[PDB]
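Asker: Under mature numbering (1 follows the signal peptide of the UniProt record, and there is no 0), the residue at position 14 of the sequence shown is numbered 14, and the numbers go up by one with no gaps.
Note that CB positions come from ideal geometry on N, CA and C, so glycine has one too.
Got a structure for you, written out below as structure tokens; questions coming shortly.
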Amino acid sequence: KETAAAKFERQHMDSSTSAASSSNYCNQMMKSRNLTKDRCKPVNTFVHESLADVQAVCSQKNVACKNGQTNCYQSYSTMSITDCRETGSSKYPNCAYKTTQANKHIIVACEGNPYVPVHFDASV
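Below is the structure:
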């Protein structure tokens, strides 16, 4: 099936745009990446940097993950991100989102050989 690394790219990477494309960005992207198929995923973050720069985070600042595991890493620089958050009106199958752009440090969990991002933990 889909590898964990491929799943991270599908759920979290959008290098095509530099910021939140428009007020409709999250509605379009949550659907097109298949994040509304079985339910409305309540929150998700997209990162607008190159794949190379996000993979490099696995050699940056080691920090504890929210779940207590020790394989999380925080970026030294800020990155361009978009947060998608489920609105009040939203009801499956018609999921609806608010789009918010920010520049923040990202925290990701890394695994494997090669050692690559597999989950998005937080932004700070």
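Once you ignore the five residues that flank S18 on each side, which residues in its own chain have a CB closer than 8 Å to its CB?
Answerer: Cβ within range, chain order: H48 and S80.
Asker: Start and end of the alpha helix (DSSP H) containing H12?
Answerer: First-last of the alpha helix (DSSP H) with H12: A4 to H12.
Asker: Since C72 and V108 are thought to touch, with beta carbons under 8 Å apart, how far apart are those beta carbons, to the nearest angstrom?
Answerer: About 7 Å separates the two Cβ atoms, so the contact holds.
Asker: Can you tell me where the alpha helix (DSSP H) with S123 in it begins and where it stops?
Answerer: From DSSP, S123 is part of no alpha helix (DSSP H) but of the beta strand (DSSP E) over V116 to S123.
Asker: Among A5, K1, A56 and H12, whose alpha-carbon lies nearest the alpha-carbon of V43?
Answerer: The candidate whose alpha carbon is nearest that of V43 is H12.
Asker: Drop a sphere of 10 angstroms on the beta-carbon of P117, count the other beta-carbons inside from all chains shown, and report buried for 16 or more, exposed for fewer.
Answerer: Classification of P117: buried, given that the 10 Å Cβ count is 16 or more.
Asker: Which residues bound the alpha helix (DSSP H) around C84?
Answerer: Element bounds for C84: not the alpha helix (DSSP H) but the beta strand (DSSP E), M79 to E86.
Asker: Keeping to the same chain, check which residues put their C-beta closer than 6 Å to that of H119; ignore five residues upstream and five downstream.
Answerer: Correct list, in chain order: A109.
Asker: Taking the straight line between their C-alpha atoms, what separation do you get for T78 and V124?
Answerer: Taking the straight line from one Cα to the other gives about 9 Å.
Asker: If contacts are defined as beta-carbon pairs under 8 Å, then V57 and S75 qualify, I think. What distance do you get, rounded to the angstrom?
Answerer: With 8 Å as the limit, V57 and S75 qualify as a contact, their Cβ atoms being about 5 Å apart.
Asker: Can you tell me whether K91 is helix, strand or coil according to DSSP?
Answerer: In the structure shown, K91 sits in a strand (DSSP, three-state: E or B).
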